[PDB]
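According to the entry's author numbering, the stretch in the sequence shown is residues 5 to 146, 162 to 227, 255 to 283, 292 to 322, in order. Just so it is clear, CB atoms sit at the ideal spot from N, CA and C, and this is done for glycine as well. Inspection log for the structure reproduced underneath, given as structure tokens.
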Amino acid sequence: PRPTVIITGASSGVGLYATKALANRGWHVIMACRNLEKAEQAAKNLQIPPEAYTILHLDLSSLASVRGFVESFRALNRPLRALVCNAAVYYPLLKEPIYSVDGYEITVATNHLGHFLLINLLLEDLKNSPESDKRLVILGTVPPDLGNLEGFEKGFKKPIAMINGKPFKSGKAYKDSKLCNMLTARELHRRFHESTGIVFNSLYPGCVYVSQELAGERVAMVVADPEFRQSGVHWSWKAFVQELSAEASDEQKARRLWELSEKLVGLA
Ligand SMILES: [Cl-]
Ligand SMILES: [Cl-]
Numbered sequence: 005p006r007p008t009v010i011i012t013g014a015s016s017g018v019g020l021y022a023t024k025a026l027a028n029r030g031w032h033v034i035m036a037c038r039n040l041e042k043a044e045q046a047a048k049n050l051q052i053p054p055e056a057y058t059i060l061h062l063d064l065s066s067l068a069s070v071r072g073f074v075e076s077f078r079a080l081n082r083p084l085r086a087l088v089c090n091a092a093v094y095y096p097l098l099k100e101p102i103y104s105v106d107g108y109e110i111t112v113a114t115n116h117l118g119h120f121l122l123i124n125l126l127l128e129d130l131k132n133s134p135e136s137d138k139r140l141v142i143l144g145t146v162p163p164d165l166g167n168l169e170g171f172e173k174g175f176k177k178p179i180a181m182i183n184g185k186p187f188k189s190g191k192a193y194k195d196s197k198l199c200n201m202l203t204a205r206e207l208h209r210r211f212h213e214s215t216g217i218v219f220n221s222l223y224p225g226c227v255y256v257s258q259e260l261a262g263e264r265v266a267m268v269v270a271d272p273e274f275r276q277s278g279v280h281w282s283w292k293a294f295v296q297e298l299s300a301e302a303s304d305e306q307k308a309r310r311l312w313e314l315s316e317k318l319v320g321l322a
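Here you go:
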């Protein structure tokens, strides 16, 4: 039986090459993708053997889509060994915000809130799984400033457009969303590593500098290889453990972000 890994944003770039790399290593990859036609065309284009993957629809910008993806994944009756949170959207040219179907600024909604709900659901699957080397890997880098999370505290609906409640800036929204991903990785480790035995880490595979194929191989190493079986660290390129920024290592802020995010995604 092929061990199962879910990869978000698997239809292109690093996620697609991570899919190829893990398939080559004998895994079965759930390509969780927002466009099924594009994803199937991309997997066939890379010559991935059909036995080694399943494409399922996931639009991280819609919380109902996240829940529907989890439903579809669970219906396959495959125990989960790993999850890679790789998808990231970026809208450099916006001067005014775009809101998701759930009412949230799209960059944070997609990169952070959608992944946050996905993680909270799939953590159940990871805990239930009899696999012994289970990992949840978040892509990220370790300017963004979440402030006191005033935008989240007040509900994050229009006209709020930034986590700190200040005026919309699209590039900063992206950086803020990536910082949220890093804070999520740290909080996952703090709260769950000892109780579950799951390895919760993050990685920056390089400026994609490095080819998409090499970056995908680096994702695969962090998911699968024994040298990377350490929880609570951020791997960067040999690989090294990268010391965290002060804001990414703020334990109080990571916990408060988690609590507010649960409220925004309907888990509170
Ligand atoms: Cl744009
Ligand atoms: Cl605009």
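Its chain contains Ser15 as the residues whose beta carbon lies nearer than 6 angstroms to that of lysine 42, once the 5 sequence neighbours on both sides are disregarded; these appear in chain order. For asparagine 81, the closest alpha carbon among the candidates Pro5, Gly216 and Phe187 is that of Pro5. Ranking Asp63, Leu67 and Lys24 by CA distance to the CA of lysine 48 puts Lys24 first. Using a Cβ distance threshold of 8 angstroms, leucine 140 and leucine 260 do not count as a contacting pair. Listed by position along the chain, the residues with Cβ atoms less than 6 angstroms from a non-hydrogen atom of ligand 2 are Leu98, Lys99 and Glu100. Our two residues, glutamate 44 and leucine 117, have alpha carbons roughly 26 angstroms apart in a direct line. Following the DSSP letters along the chain, one finds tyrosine 21 inside the alpha helix (DSSP H) bounded by residues 17–28.
DSSP places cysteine 37 inside the beta strand (DSSP E), whose first and last residues are 32–37. Taking the Cα positions, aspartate 106 is about 32 angstroms away from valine 279. Membership of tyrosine 193 in the alpha helix (DSSP H) is indicated by the continuous run 189–215.
With contacts defined by Cβ atoms closer than 8 angstroms, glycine 174 and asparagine 183 do not form a contacting pair. Of the residues assessed, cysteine 37 falls on the buried side of the cut-off, its CB having 16 or more other CB atoms within 10 angstroms.
Listed in chain order, the non-local C-beta contacts of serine 76 below 8 angstroms within the same chain comprise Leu60 and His61, local neighbours out to five positions each way being set aside. Taking non-hydrogen atoms of ligand 1 into account, the C-beta of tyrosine 95 is found less than 7 angstroms away from one of them. Excluding five sequence positions before and after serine 315, the CB atoms of its chain that fall closer than 6 angstroms to its own CB belong to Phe120, given in chain order. In the assembly as shown, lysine 99 is an exposed residue. Its beta-carbon has fewer than 16 other beta-carbons within 10 Å.
Between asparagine 220 and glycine 144 the beta-carbon gap is near 10 angstroms, outside 8 angstroms, which marks them as no contact. Looking at the backbone, the Cα of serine 277 and that of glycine 216 are separated by about 9 angstroms. Rounded to whole angstroms, the gap between the alpha carbons of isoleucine 11 and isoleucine 102 is 25 angstroms.
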